[PDB]
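Visitor: Sequence order for the protein chains is B and C.
Just so we're aligned: the first sequence equals residues 200 to 224, 226 to 249 in the deposited numbering.
Each residue of the second sequence is one higher than the one before, starting from 546 at the first, in the deposited numbering.
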Amino acid sequence: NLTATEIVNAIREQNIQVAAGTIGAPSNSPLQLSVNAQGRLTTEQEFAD
Amino acid sequence: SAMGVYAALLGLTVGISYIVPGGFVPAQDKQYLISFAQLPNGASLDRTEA
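1. Short of 6 Å in beta carbon distance, which residues of its chain neighbour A237 (chain B), apart from the five on each side in sequence? Order them along the chain.
2. From the DSSP output, read off the bridge partner residues of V565 (chain C).
3. Measure from the alpha carbon of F247 (chain B) to the alpha carbon of each residue in B:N200, B:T202, B:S227, B:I206, then state which is nearest.
4. What residues match up with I222 (chain B) in a beta bridge as DSSP calls it?
5. From this set, C:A588, C:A572, C:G567, C:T593, which residue's C-alpha is nearest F581 (chain C)'s C-alpha?
Structure below.
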């Protein structure tokens, strides 16, 4: 009970890179740490999952 | 003897042409100097400011 357009939207949604940012970047904190997450998929298994 | 002296001087020139160190442009003064400060990694801008 599925359509092709929904499939395309689903695959496009779950294969986008994310820009997180920085913690401690106007703040009085003595540490400045960048934040990174998992973005684009690489292998065939991840695409099939 | 003049020819021998000339040959000796030519040899001396060839020998002395190899002892001077090389270079391109001498380092002169341009009325200013630079100073770098490096903090431990992860430091905020306030510490560098101070």
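Yeah, the Cβ is synthetic: ideal placement off N, Cα and C, and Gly gets one too.
Guide: By the coordinates alone:
1. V217, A219
2. Answer by DSSP bridge pairing: none, since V565 (chain C) is not bridged.
3. B:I206
4. B:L233
5. C:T593
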